[PDB]
Amino acid sequence: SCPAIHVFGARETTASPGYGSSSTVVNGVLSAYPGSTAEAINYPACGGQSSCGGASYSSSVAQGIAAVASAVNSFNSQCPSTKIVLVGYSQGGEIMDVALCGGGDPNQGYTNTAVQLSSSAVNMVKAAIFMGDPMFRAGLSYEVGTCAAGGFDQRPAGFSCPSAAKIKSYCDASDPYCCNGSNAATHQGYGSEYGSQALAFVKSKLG
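The sequence shown begins at 1 in the entry's author numbering and counts up one residue at a time.
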């Protein structure tokens, strides 16, 4: 039987297969909604390291966008009335950002600018949570945090995501990846810093 709610989580670069640091908010949703189910996105989550298969960050991102689209679109076809939540951490956020919002990822050579989720699937995505996404660019309505600049794959000025109202994307000023700061520790802490706010947002969208 299809569940009422299903969650997809995407891990950060070099994390072992599974959820990685998306686990905080994935597990928060599962415990808030007994009977809900979750799956991890299967993608390289790599940056050239042999531990994760050697794929460059650009190849990993491209594979990840396709993996998100394949997984979510197929699930929605199987379970058309199930509400979907997306959670992605760092590179996992980036691949979800492109799949949901389109616009491509030109620094990584991902040239297609279309939204990659099907129309049916976008409608059933009710909340998306990105943490530490390198495409962060301050000044989008769905962003939260102290970063007033943007990251190494930042969206261009003027960007709009059609699904803006469904997203919260978090990034703080001292993050060197989603922002232009210099403290890597900040990049690892968003589950504890923003986990509760993220879960509140999800709850507000699911009911």
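We put the beta carbon where it would ideally sit given N, CA and C, even for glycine.
Rounded C-alpha distance that separates residue i from residue j
| i | j | result |
| --- | --- | --- |
| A165 | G207 | 15 Å |
| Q91 | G151 | 12 Å |
| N180 | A173 | 7 Å |
| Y43 | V85 | 18 Å |
| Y194 | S21 | 12 Å |
| residue 215 | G18 | For the chain, the structure presents residues 1 to 207; residue 215 sits outside this window and is missing. |
| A71 | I41 | 7 Å |
| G88 | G47 | 16 Å |
| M124 | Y177 | 30 Å |
| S120 | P162 | 14 Å |
| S141 | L30 | 27 Å |
| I129 | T13 | 17 Å |
| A66 | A99 | 8 Å |
| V202 | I167 | 9 Å |
| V7 | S182 | 32 Å |
Which residues DSSP lists as bridging residue i, in chain order
| i | result |
| --- | --- |
| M131 | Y89 and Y170 |
| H6 | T37 and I84 |
| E143 | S169 |
| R137 | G150 |
| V125 | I84 |
Reduced DSSP secondary structure (H/G/I, E/B, other) of residue i
| i | result |
| --- | --- |
| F201 | helix |
| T14 | coil |
| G28 | helix |
| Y19 | coil |
| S118 | coil |
| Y194 | helix |
| residue 210 | Coverage of the chain is limited to positions 1 through 207, which leaves residue 210 absent and any answer about it impossible. |
| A157 | coil |
Cβ neighbour criterion (16 or more within 10 Å) applied to residue i
| i | result |
| --- | --- |
| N112 | exposed |
| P80 | exposed |
| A45 | buried |
| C101 | buried |
| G53 | exposed |
| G139 | exposed |
| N76 | buried |
The ligand MG heavy atom lying under 7 Å from the CB of residue i
| i | result |
| --- | --- |
| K166 | Ligands in the displayed structure: none, and consequently the ligand MG is not present. |
Neighbour flag for residue i against chain D, beta carbons, 8 Å
| i | result |
| --- | --- |
| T24 | Among the chains in the structure shown there is no chain D, since it carries only a single protein chain. |
_Going residue by residue through the region 49 to 113, where are the continuous beta strand (DSSP E) segments of at least 3 residues, counting only ones entirely within it?_
83 to 89
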